[PDB]
């Protein structure tokens, strides 16, 4: 009954709070693998680590599924201001950037408040120059500031090249004022000349601004080494807690296994790997079996455009109708404060009620318009219900995509609360009688 399962969920939360497992999994990943950019030598290391780890935890099935991934290698990154006042910058290439010319790159910059301002510039206005997008990212619990500025990183190099720019630097898409350059994916556009593209630290962007405010033009030097290889194979890594009376139905709880390459991928998304794996292990430890199968999916190549998520959706196309609900942890280790849903209108109040078991952990009732996390975000359009278990990310963009994304950034008590809430979610959902389909129109 709902009552019996509420009490199991209460006990799962107790276990999460008394067990070092969640922390131990992320310590293991960050120490024994470290950064694991898709397509790098560390990609296979992370996959092999995850397979061994899941086997060692005793899951009923542990297997992997191939995902095609591109190969990009980061080389040197050096930048400085040449004039008016010569100074060093702390820079990093945007993910996928081409290298700077062998002859080298030195140019006058032109500052834009935002990507939109750059897109509005006159054609030819950046000939021989480097674009500088200065947009600052606001700090928000829900990360909505990142949502407003991230496109500068994703699309700035295209917009700048369209105006004649020979390069782009951006203010890091970060909420810190640390001397850390934030990387992340960017995309060139077929038809537009690819140009070198880098992020500079927030203090460096402040410095450039201080010089511009003196009615001086700023000239920089930028050097980026990088290399592109042909595509290869990574893997979605999967573990299951075997179901019982409804074993053909799947509750999917996910994270991504890949990361950027300059930190150790601790909060993005080693924390999420640990949260969903530990939650599933606590469930595996129960004397009771869930009705549904619980499937942990550790997705490949999320950083490169949800490639593993998209691959999974297609590979499991015939199985999606039997996916009861899907959710993903990929907003660091901050505690969960709300669960939002994407279920049938007639399921919404029932699932809110089911998850009131998490109220004492600080988790509020939510809406019925959830997108789901990145790797499951394509699944509602295919009919699959999802939940967004909302994490407090107020500090997340201080470290996201920097060399500072390290184990010591994880608050163990907060990590444990996520393990507790996912364990409750996966248990309650794997035993729920609520009909979650059909999803109402978006």
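Numbering follows the first chain given and starts at 1.
Asks: Between 314-322 and 268-276, which has the larger average Cα B-factor in the PDB entry?
Replies: Comparing 314-322 with 268-276, the higher mean C-alpha B-factor belongs to 314-322.
Asks: Averaging C-alpha B-factors over each stretch, which comes out higher, 145-153 or 253-261?
Replies: Result: 145-153.
Asks: Highest Cα B-factor in the deposition, which of 226, 368, 202, 244?
Replies: Of the candidates given, the C-alpha B-factor peaks at 226.
Asks: Can you tell me which of 164, 191, 334, 230 has the maximum CA B-factor listed in the PDB entry?
Replies: Going by the entry's C-alpha B-factors, 191 comes out highest.
Asks: With respect to C-alpha B-factor, does residue 373 fall in the lowest, middle or highest third of the chain as deposited?
Replies: It falls in the middle third of the chain.
Asks: Consider only the C-alpha atoms of the modelled residues in this chain, order them by B-factor as the entry records it, and name the third containing residue 388: lowest, middle or highest.
Replies: Within its chain, residue 388 is a middle-third residue by C-alpha B-factor, going by the deposited values.
Asks: Name the third of the chain's ranked CA B-factors that contains residue 72, choosing lowest, middle or highest.
Replies: Top third by C-alpha B-factor.
Asks: Quick check for you: using the entry's CA B-factors within this chain, is residue 432 in the lowest, middle or highest third?
Replies: Middle third.
Asks: Ranking every modelled residue in this chain by its Cα temperature factor as given in the entry, which third contains residue 18?
Replies: It falls in the top third of the chain.
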